[PDB]
There are 2 protein chains.
Amino acid sequence: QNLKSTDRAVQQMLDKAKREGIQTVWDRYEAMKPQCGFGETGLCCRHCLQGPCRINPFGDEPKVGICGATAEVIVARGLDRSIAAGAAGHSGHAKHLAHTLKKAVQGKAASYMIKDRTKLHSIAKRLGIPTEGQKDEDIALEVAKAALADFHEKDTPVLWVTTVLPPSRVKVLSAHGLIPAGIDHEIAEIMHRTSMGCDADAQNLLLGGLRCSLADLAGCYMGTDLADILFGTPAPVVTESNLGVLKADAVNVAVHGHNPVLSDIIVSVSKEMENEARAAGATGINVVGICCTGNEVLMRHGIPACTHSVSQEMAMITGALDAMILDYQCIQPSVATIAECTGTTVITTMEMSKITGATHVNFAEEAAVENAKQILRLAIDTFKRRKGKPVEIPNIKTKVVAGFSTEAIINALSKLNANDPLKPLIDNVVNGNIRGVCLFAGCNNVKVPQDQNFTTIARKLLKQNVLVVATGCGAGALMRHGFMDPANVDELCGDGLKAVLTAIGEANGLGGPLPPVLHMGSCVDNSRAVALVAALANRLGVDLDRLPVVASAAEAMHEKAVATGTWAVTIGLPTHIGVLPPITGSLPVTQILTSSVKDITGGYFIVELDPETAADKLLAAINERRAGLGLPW
Amino acid sequence: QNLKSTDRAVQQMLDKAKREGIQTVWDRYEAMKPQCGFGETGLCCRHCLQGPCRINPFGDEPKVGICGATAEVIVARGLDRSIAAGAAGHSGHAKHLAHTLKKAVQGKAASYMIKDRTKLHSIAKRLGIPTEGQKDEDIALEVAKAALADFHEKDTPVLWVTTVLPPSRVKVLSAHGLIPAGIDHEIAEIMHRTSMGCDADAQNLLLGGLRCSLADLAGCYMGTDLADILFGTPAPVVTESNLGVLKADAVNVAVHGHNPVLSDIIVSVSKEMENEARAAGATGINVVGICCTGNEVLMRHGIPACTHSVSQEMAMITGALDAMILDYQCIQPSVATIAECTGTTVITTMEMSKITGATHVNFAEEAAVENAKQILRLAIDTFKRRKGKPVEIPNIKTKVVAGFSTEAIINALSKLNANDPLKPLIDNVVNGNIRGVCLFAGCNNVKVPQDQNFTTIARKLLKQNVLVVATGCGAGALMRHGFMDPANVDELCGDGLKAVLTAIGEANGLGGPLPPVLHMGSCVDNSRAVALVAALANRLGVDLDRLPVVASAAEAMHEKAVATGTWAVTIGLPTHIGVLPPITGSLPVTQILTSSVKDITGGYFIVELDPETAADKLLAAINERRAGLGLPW
Ligand code: SF4
Ligand code: SF4
Ligand code: FES
Ligand code: FES
Ligand SMILES: [Fe+2]
Ligand SMILES: [Fe+2]
């Protein structure tokens, strides 16, 4: 099973699924092999009904599409559509939160309120919205209308791009025509230009993709901004992760998906229903996280993380998961059929994301508490049914310190230098105690033994004194293998990095270091890492493509991950991807994305499936950036 | 060659291309066979990097996607994305025209003006915009801002849906949640819901597709509305079609693509440059049309149509095509490589639609006349080079009567009944002289011998007294085979239909009938057919799904055609498609689209590749509608 996942609790559930004859994601993978090489390489097109068109990577015909589309065009068009799909997901989440905030401050949704008024005012100031003498509710209404305006064309560009990146970066992007005009505008323009008989020049197509990737960035940054207003900005928290956070004696309820608009309410209401759950013979309601909605309540409330991404079915295989409460994105639709075998009540809550065989509870912000109780009573009913059934919860969990929003990181640093908080970080970059910064991001992927790339690469970088930050299911991978436990600093970290982590931790009254890896939140919270990196750029007076900062989507899967890797390149970062995107069928596209884009944005992709080699390549990238700054390396 | 195209001028150019070794669309098709059956059936998914996933139509594994997506989900998600792509194209065209109108009335683009102020005021009234005491420029500014607002969410739904369909139809659609909230909003929501781990219920997915198809309808109707304001509403015109409209002695310039914003200006400026073209030894500039931008200048100015869709390369093979002026959509990118062999200057003009190897002239509405001269001087230079080269223009053309906008049709009818113009049409439906109405729409497709389905089905329907209207490359197919020539009424038409066509024609002072088929314009001008059909619904007090009206996308290709077929179903029409869409891999999806959707919208798809069988099925559909109205059939 270790060839499937390096997570020992997942291995145990894989053995249980095997002997119970429950098909898993890995079984469905094996049944798909060998996979189609045309699609793997990107040399397939179904953009009109003359297709499917495919092109032989090598050999004889077919060499070209029926309409005359070249391999270069076909590959670029497919990639563009994946970027637009990802942008649509992140920005649909953000749009949902914009409407929730508008409703909250119009008196239409009383379960929701402004919890972070400091963040509200700072966002308003960044956007140019006056706050002087204005009521919070009116400021928030203006912030929500600005969020919504950024979806369409108007007399300004997308402000959740142009107000979050340094002016020098905006200038470079504007010169190349890369600043988005409107989030949904760009998504639709991608779909138009990539339809049959439209754009057919690889460079032109790919510049459109870079622009649409900044619409994805805008959606991420908007989603984080609005979620912090509504639910509070994360601060350091301590909790646990992996399947052993489930409890046989409790009603186990997993929140799974992306949008905390629901999950945050579930957390509160589950507290109120403790007695209504004890009367059923439970000890309480034990809310646990899966995927990014789990990260959201982990960062804000310390809710323990059950599992992530590719291994989500394994939470059900324990037999102890009484409900799985779903919104949208990254939910394997298999959970609906597995639920029959495992006794789990699967519940969907969003109109545009249903699964045949699941129970649907329409959620409306106006009824949030009402809906939460309806959902949690179905969970309690399910716990009652498994009275006296054995369960198999692996007794495996890690300790997790998290909650490192950019504000939290700056506050932590400010204990060392109160009026120039970024300076102690920069000081230790210059003196070599911190070699550079690596963000791990994105998914797991069934093609890669689960977590293997994240942990192999992180170990090499930590030993070389790289400051490692993580989000999404990259944060999930590292947390489940001990990388968010300060007890593991001595083992994992180079002496320079250990010295900094200990200095900061002890100055925040800890008697111990910060954890080896800093958890910066959900996938939309990749925007927090952008906030930190742009704040360092502004303090140093240099653009992001001169900083010793890199990113790794080490086991990417979702179209969202492709969009996010692309905006990391577009804002100036060397960006590793550890699974093959469908680009190898065109050398000219590959050369643009891994080489000549450097001349446009300063970032570039590093496509590398071997994780030891990837770690070497990321270190070289960091160290080239150090050299360009005149720093030893 | 008759197995490739039924167009004899295309057959002649196919022989020339063969002996010159110029590869064509049909050669590239043959080189693609056998095509992938997974993609043909819709049983392939590449929506994340765990894929490609495919499902065997029959047999053993694979049976399901890696994430657990069923055949039903995979097929519905692929279809939804095609609908969103089509909507993006039609509505991107409309958006372009909204910005052009705004610029024109702000004094930013003096080559453009309000040419149809009656249409402007009628549109304003339909939208609820006051006109009483307001300047035209201010009315138009309000109309353009309303067009742009319909792309995003706001306090009203998409008005280019809710103000163009009868209230009873809107009510049915609203009850099912099918009215779009915003055009780009719906496109983006499609892309989100169809991404990995989101919507996974075939009915839910397909209802989203129906809603997005009405966003495509809104884009079409907006594009027609704005283009009529700017360039004039079509009235009856007489011209010619097919390759023989090219002239060896002239500078032949083809306008190709979709948006008339450019082409309309080319037509005017080419008139001004006649002398500058005679000085080069031409007789003049001979502007000809390809695809829908050709239809646009055909409908408004009588510009002759050179060719359409699948046969576009053949215009270049004559050797006499000095320039091909491109905007976007439905342009085979092969034209750029063929141009080297044929001496043709291929010019692109829109930033989001370039072709490697073409010459790019950035077009800006503010410089329109300037750009037009630059482009037309490159054309003249190319004519000079082919001095003394032989050309092979097939001496094959048809006569074409066209320009039947809905206003033109109503005015024609009003000669028989001035104050109740729709009544003579309804009278002849009731008495059987007109059996019903069929709209032919959409493309040609290399899978189908060119034009064969359109002409086979049209002949059967005309002999049965069906009133046939056509747009796009369906209009192109029929015009090139004589169906727009009144001289062919006796041969083609049933006695009842001939009697009506003659009665109307003679009352419009013609001494002859209307043509056998009424050309209603470009693809966006399918909206004109909706205007006519909704006007008949309102006069009769019944919804569209009780009228004896059907549609046929007899040789569909483009994602736009899929979107348009879907909104034809959604507004209540039996809708034939004559090529296989990628749905046969899921029986449940097929049954929804061809059967149970009747219970939702009253329309339905008729998937039928044999054209004689298709004509029978369309007649049965018409005659079932007649019976439901109590009419003989
Ligand atoms: S757009 Fe061109 S390459 Fe793609 S399926 Fe259609 S003919 Fe083939
Ligand atoms: S979304 Fe599911 S079916 Fe599609 S490629 Fe990814 S794993 Fe396969
Ligand atoms: S030929 Fe396999 S992805 Fe299309
Ligand atoms: S397996 Fe051929 S279209 Fe994907
Ligand atoms: Fe996520
Ligand atoms: Fe068209």
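Letters go in sequence order (proteins before strands), and every chain restarts at 1. All ligand and atom numbering here is 1-based and tracks the order in the structure. No hydrogens, no waters, no symmetry mates; every other heavy atom, side chains included, goes into these values.
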Residue B:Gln50 vicinity, atoms of ligand 2 by number, heavy atom under 4.0 Å: 7 (S)

A:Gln312/A:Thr307 under side-chain hydrogen bond (donor to acceptor under 3.5 Å, both in side chains): CA gap, chis, key distance, verdict: CA-CA 6 Å; A:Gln312 61 187 264; A:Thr307 189; over 6 Å; no

Check: A:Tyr328 ring centroid to B:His192 ring centroid under 6.0 Å: yes

Atoms in ligand 4 with a heavy atom of B:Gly39 nearer than 4.0 Å: 3 (S)

Atoms of ligand 4, numbered as shown, that sit under 4.0 Å from any heavy atom of A:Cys44: 3 (S)

Per-atom contacts of ligand 3 with B:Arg46, taking only distances under 4.0 Å to non-hydrogen atoms: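 With B:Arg46 as reference, the close atoms of ligand 3 come out as 3 (S).
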
Close approach, A:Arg28 and ligand 2, non-hydrogen under 4.0 angstrom: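 No, that is not the case, since the closest heavy atom of the residue is not under 4.0 Å from the ligand.
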
Identify, for [atom], the protein heavy atom at the shortest distance, and state residue, atom and that distance.
| atom | value |
| --- | --- |
| atom 6 (Fe) of ligand 2 | B:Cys48 SG, 2.3 Å |
| atom 2 (Fe) of ligand 2 | B:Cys67 SG, 2.2 Å |
| atom 8 (Fe) of ligand 2 | B:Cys53 SG, 2.3 Å |

Considering all heavy atoms, the nearest A:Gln50-B:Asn444 contact: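 Result for this residue pair: NE2-O, 4.4 Å.
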
Side chain, backbone, both or neither: the part of B:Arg77 lying under 4.0 Å from ligand 2 by heavy atom: side chain

N, O or S of B:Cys36 under 2.8 Å from atom 2 (Fe) of ligand 3: no

Structural part of A:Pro52 in contact with ligand 3, heavy atom criterion under 4.0 angstrom: neither

Flag, side chain of A:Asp199 to backbone of A:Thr194, donor-acceptor distance under 3.5 Å: no

